[PDB]
């Protein structure tokens, strides 16, 4: 199985994840794909922001769920 990760570009990344694919590990998977250091990686789900330490099983995330990916870059 696999879940979906949508970015501000509209690109939906599909990957395989387990209940130990915690935001910490998940951030690493995306990094190897986009090259964005976990520092610029922000996972949002249900308008709620996720924190490092909780697992997909803890947030009740499914194996097909859709995750919202956001990048940190302020300046205006």
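Before moving on, here are some points about what is shown:
- Test: residue 27 is touching a residue at least 60 places away in the same chain (Cβ under 8 Å) and outside any strand (DSSP E or B): no
- Check on residue 40, touching a strand residue (DSSP E or B) at 6+ places or on another chain (Cβ under 6 Å) and touching a residue at least 40 places away in the same chain (Cβ under 8 Å): no
- Entry remark, the stretch 43-58: residues being assigned to a strand (DSSP E or B), within 22 Å of residue 8 (Cβ to Cβ) and in contact with a helix residue (DSSP H, G or I) (Cβ under 7 Å, 6 or more places away or on another chain) number 2 in total.
- Candidates 61, 13, filtered to the one that is part of a loop (DSSP other than H, G, I, E, B) and either touching a residue at least 12 places away in the same chain (Cβ under 8 Å) or surrounded by fewer than 16 Cβ atoms within 10 Å (Cβ to Cβ) (or both): 61
- Subset of the stretch 28-44 (residues that are farther than 10 Å from residue 69 by Cβ and surrounded by 11 or more Cβ atoms within 10 Å (Cβ to Cβ)): 28, 29, 31, 33, 38, 40
- Residues of the stretch 31-42 satisfying the condition of being within 16 Å of residue 73 (Cβ to Cβ) and not in a loop (DSSP other than H, G, I, E, B): 31, 34, 38, 39, 40, 41, 42
Cβ atoms come from the backbone with ideal geometry, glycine included; neighbour counts cover every protein chain shown. No value in this document is a laboratory result; all are computed from the given coordinates.
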